[PDB]
């Protein structure tokens, strides 16, 4: 409602760097563009099908043994390559992600990492086989290639420990950690995972897994995030979930795929990051394919309100959100990533919501850096003018006031150009 509240909401661009590889530089250009358009965060899937992030030390202790760091890396590379051997690269390094966090911090952009499980973990599944964990995959109408078997303790201990090490790295570097939990063995159930889980009475074990991951996150000072799919499926509460989880809500599903309504989750106390399916772009999707092609995503940045949760009509239904997230996915990871399409889409979201997005502070930052470090040998006339310009700076401006901001920075330049001994 207020100027302050709107700017305090999260405005997030999501990048699926799990299915598909992105260079440090491509990610830095995304954060750049995120900063310029007044976003607050970049949500970066690192484990999503492919596992595209390796820590310097990947030693894992589970199952009463330890798996050598070198073995863990080699296995993961193999797992990720088997999902998709991307010719542009395999995994980002620790040094790369650390630099991306520092860089994003310098531009007032948070990073929100995601490592997906128990679904979307093709690469982890293969890696576990290579490390001597047999049959880690869930098994329904056929053996899953995507999802871990909830009954396999050996696989479960390994993954939990692996997610731990990832969370240890992000602790004190990022505020939020997304553990995902979307799509339970959809490839093995004709996209009816949750129905299969309830049918087999494994849904309770699903919640246990999810609740464990939320507690792990919290223990290490990370806000846990997850997608909506798995929580209180079909609005039933026979099986309980951690209430502290930030729910990234993208859709209520479709016929026979009966996700909890956002009304039901709100009534359970959840906060949402509005990740509306309407805003999805899948790299390379064409009009003729239906779903999230670029021109529909761009049109929806106007048509679907900022605060509208999927399946609800806003403002008739008005549920509290912490902010909204626009998502770029790489379902066919060999599709070409075309920066400008993403930029055009980010820009369109920001342009239709100028009251939510910050102005562009990059020019201001450039100018503040041109301030001399000592500045003790200049006149008092020169410095009074620089004091007054520095004081008149406004960091609270939204995207409707670029001009108002540019003037302020112009005066800072003039005062800096105005100094003299």
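Numbering follows the first chain given and starts at 1.
A.B. asks: Looking at the deposited entry, does 384 to 392 or 59 to 67 carry the larger mean Cα B-factor?
C.D. replies: According to the entry, 384 to 392 carries the higher average C-alpha B-factor.
A.B. asks: Decide which of the stretches 110 to 118 and 134 to 142 has the higher mean C-alpha B-factor, going by the entry.
C.D. replies: The stretch with the larger average C-alpha B-factor is 134 to 142.
A.B. asks: Whose C-alpha has the highest temperature factor in the PDB entry: 182, 339, 129, 168?
C.D. replies: When the deposited C-alpha B-factors of 182, 339, 129, 168 are compared, 339 is largest.
A.B. asks: Going by the deposited entry, which of 230, 224, 164, 256 has the highest CA temperature factor?
C.D. replies: Among 230, 224, 164, 256, the PDB entry lists the largest C-alpha B-factor for 256.
A.B. asks: How does residue 43 rank on Cα B-factor within its chain, lowest, middle or highest third?
C.D. replies: According to the entry, residue 43 has a C-alpha B-factor in the chain's lowest third.
A.B. asks: With respect to C-alpha B-factor, does residue 408 fall in the lowest, middle or highest third of the chain as deposited?
C.D. replies: For residue 408, the deposited C-alpha B-factor lands in the highest third.
A.B. asks: Taking the chain's C-alpha temperature factors as the reference, tell me which third residue 314 falls into: lowest, middle or highest.
C.D. replies: Its C-alpha B-factor, which the entry lists for residue 314, ranks in the middle third among residues of this chain.
A.B. asks: When the deposited Cα B-factors of this chain's modelled residues are ordered and cut into thirds, is residue 9 in the lowest, the middle or the highest one?
C.D. replies: Middle third.
A.B. asks: Report the third (lowest, middle or highest) to which the CA temperature factor of residue 53 belongs, ranking only the modelled residues of the same chain.
C.D. replies: Tercile = lowest for this residue's CA B-factor.
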